[PDB]
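First up is the structure itself, then whatever we jot down about it.
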Amino acid sequence: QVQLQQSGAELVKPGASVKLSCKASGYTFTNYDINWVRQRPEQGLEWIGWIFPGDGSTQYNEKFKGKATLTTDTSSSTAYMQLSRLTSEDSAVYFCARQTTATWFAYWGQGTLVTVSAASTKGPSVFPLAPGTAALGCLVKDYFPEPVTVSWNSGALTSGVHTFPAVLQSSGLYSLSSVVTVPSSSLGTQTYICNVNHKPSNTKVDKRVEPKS
Amino acid sequence: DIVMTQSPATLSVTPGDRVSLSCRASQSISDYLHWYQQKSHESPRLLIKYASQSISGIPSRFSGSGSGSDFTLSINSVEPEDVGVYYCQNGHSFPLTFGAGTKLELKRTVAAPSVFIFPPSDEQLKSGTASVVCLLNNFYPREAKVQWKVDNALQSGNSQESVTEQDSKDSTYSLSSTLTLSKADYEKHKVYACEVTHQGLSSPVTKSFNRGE
């Protein structure tokens, strides 16, 4: 039941700070270290440092020292990483990971996306795409920042689904597509609802997609 | 320092083949090398700890090799589900470091795309903007050409594109393209079309619609 749950995505003004969180479960939090790893967009893994929640002893990678700070909280079984004076280059996904014994990590968190920008958060617009096989979907347009989660029929519909990576528009906003192929005869019987969630703007939208006329 | 170096950045293989992925530790690290698999939108997964030691739960076809500096990750008989990026990691000397990654592609028989075109929603049109979306579904190889035509006027620079990660089951790709126009521009034309060229198509495929029809 070894579970590492990281805090939600972040948007950060340059020069400001953010404290990411990693909560542990399924094991005795006190015993094993917790490492932090950064993955910049379309790139590889860079190590940041570790911390022993048993006492609080930490050692860092030291290009991340005037940048990263690691703490723990035994009473809540949670590790934290404060990122200070952030630059647009610090925009990345930040993973936490539990060592068991040595330098290898069999257990990772899901990762936390951090976007460094002066821009404000804007919720998306959800538009219907609408069509033996038929295709339909949702256009999740003009939001900031990443990410957005998209599911169909509250998760009940996964087969035939394709959620495409968002593209960055000239406006400075993201636009995303999510489609699903279904038989055309079901367009009258079955209802189709794409479930869009953009937590940076706290926006949850359920859009039913229909043929017109 | 230390530097891990894996070297083919990308690799395309047939299911059933044997795959060897190299990792050059720029300093003797004995059997202290670690392999990770990261699939799209996922945290890394430990495949092999210490050069060649097994990891519980990991399929038997995965194995490690090497010592000192040069290392090898091997997949016995590769499966479609082995698509993804493969990282190696220094497990000997801090600062812990990662190789740049080798992305693995899975070959399959050529599959032509299914093409679908979607008109702008009246809901979006009210906002003064019109997005037209062209869907290319389940094709191989990845190389595909999407051409937007408006009243036989070739469109360039006013569209954005986005391809999915290779499917873990059928090894196909899907592509989504959005042609964006102003409300004014959109209503001043009739025939909107996306032209698709692909190795699986004997001749280009065109899907279209007349605005307001």
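Residues of the stretch B:9-51 that are loosely packed, with under 13 Cβ neighbours inside 10 Å and part of a strand (DSSP E or B): B:10, B:12, B:20. If I ask for residues that are over 22 Å from residue B:170 (Cβ atoms) and either away from chain B (no Cβ under 13 Å) or outside any strand (DSSP E or B) (or both), which ones from the stretch A:132-152 would you list? Of everything in the stretch A:132-152, those that are over 22 Å from residue B:170 (Cβ atoms) and either away from chain B (no Cβ under 13 Å) or outside any strand (DSSP E or B) (or both) turn out to be A:143, A:144, A:145, A:146, A:147, A:148. Just one residue in the set B:169, B:149 is surrounded by fewer than 20 Cβ atoms within 10 Å (Cβ to Cβ), farther than 24 Å from residue A:161 by Cβ and not assigned by CATH to the domain that holds residue B:79; that residue is B:149.
For residue B:54, the conditions (1) surrounded by fewer than 16 Cβ atoms within 10 Å (Cβ to Cβ); (2) farther than 23 Å from residue A:108 by Cα; (3) hydroxyl-bearing (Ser, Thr, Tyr) all hold with the exception of (2).
Applying the condition of being within 28 Å of residue B:88 (Cα to Cα) and more than 14 Å from the chain's Cα centre (by Cα) to the stretch A:5-27 and asking which residue is surrounded by the most Cβ atoms within 10 Å (Cβ to Cβ) yields A:24.
Scanning the stretch A:42-86 for residues that are in a loop (DSSP other than H, G, I, E, B), more than 13 Å from every other protein chain (Cβ to nearest Cβ) and not hydroxyl-bearing (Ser, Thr, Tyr) gives A:53, A:54, A:55, A:56, A:66, A:67, A:85, A:86. Here the stretch A:108-127 is the region considered, the condition is being facing chain B (nearest Cβ under 7 Å) and over 17 Å from residue A:203 (Cα atoms), and the residue that is farthest from the chain's Cα centre (by Cα) is A:108.
Would a scan of the stretch A:26-34 turn up a residue that is in contact with a helix residue (DSSP H, G or I) (Cβ under 7 Å, 6 or more places away or on another chain) and assigned to a strand (DSSP E or B)? Among the residues of the stretch A:26-34, not one is in contact with a helix residue (DSSP H, G or I) (Cβ under 7 Å, 6 or more places away or on another chain) and assigned to a strand (DSSP E or B), which makes the answer no. For the stretch B:97-110, a residue qualifies if it is in a strand (DSSP E or B) and surrounded by 20 or more Cβ atoms within 10 Å (Cβ to Cβ), and the qualifying residues are B:97, B:98, B:102, B:104, B:106.
The residues of the stretch B:129-184 that are charged (D, E, K, R) and under 30 Å from residue B:16 (Cβ atoms), listed by number, are B:142, B:143, B:165, B:167, B:169, B:170.
Out of B:118, B:94, B:71, report the one residue that is hydrophobic (A, V, I, L, M, F, W, C), facing chain A (nearest Cβ under 8 Å), surrounded by 15 or more Cβ atoms within 10 Å (Cβ to Cβ) and farther than 26 Å from residue B:203 by Cβ.
Matching residue, one of B:118, B:94, B:71: B:94.
The stretch B:152-210 holds strands (runs of 3 or more DSSP E) entirely within its bounds, and those carrying 3 or more residues that are under 16 Å from the mean Cα position of the chain (by Cα) map to B:159-163, B:173-182. Under the condition of being under 26 Å from residue B:101 (Cβ atoms) and over 24 Å from the mean Cα position of the chain (by Cα), the residues counted in the stretch A:28-59 number 1. Within the stretch A:181-213, restricting attention to residues that are at the interface with chain B (Cβ under 10 Å from one of its Cβ atoms) and surrounded by 13 or more Cβ atoms within 10 Å (Cβ to Cβ), the residue that is farthest from residue A:10 (Cα to Cα) is A:181.
For beta carbons closer than 7 Å, sequence separation of 6+ or different chains, a first residue in the stretch B:198-213 that is under 30 Å from residue A:213 (Cα atoms) and a second that is assigned to a loop (DSSP other than H, G, I, E, B), the qualifying pairs are B:209/B:119; B:210/B:190; B:211/B:189; B:211/B:190.
Among the residues of the stretch B:81-91, not one is of a type in the set (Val, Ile, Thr), assigned to a loop (DSSP other than H, G, I, E, B) and within 14 Å of chain A (Cβ to nearest Cβ).
Restricting the stretch A:90-105 to residues that are of a type in the set (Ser, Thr, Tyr) and more than 22 Å from residue A:9 (Cβ to Cβ), which is surrounded by the fewest Cβ atoms within 10 Å (Cβ to Cβ)?
Filtering the stretch A:90-105 for residues that are of a type in the set (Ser, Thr, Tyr) and more than 22 Å from residue A:9 (Cβ to Cβ), the one surrounded by the fewest Cβ atoms within 10 Å (Cβ to Cβ) comes out as A:101.
Write out, first by first residue and then by second, each pair whose Cβ atoms fall under 7 Å of each other, whose residues are 6+ apart or on separate chains, and whose first residue, in the stretch B:55-80, is in a strand (DSSP E or B) while the second is among the acidic types (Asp, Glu). Listed by first residue and then by second, the contacts come to B:67/B:31; B:75/B:82. Among all residues of the stretch A:161-178, there is at least one that is at positive phi and either surrounded by fewer than 21 Cβ atoms within 10 Å (Cβ to Cβ) or not in a loop (DSSP other than H, G, I, E, B) (or both). With respect to being at the interface with another protein chain (Cβ under 10 Å from one of its Cβ atoms), surrounded by 15 or more Cβ atoms within 10 Å (Cβ to Cβ) and either in a strand (DSSP E or B) or more than 25 Å from the chain's Cα centre (by Cα) (or both), residue B:139 falls outside the description.
Basis: the model, the stated rules and, where named, an outside source; no laboratory instrument gave them. FYI the Cβ positions are ideal-geometry reconstructions off the backbone, even for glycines, and counts take in every protein chain you see.
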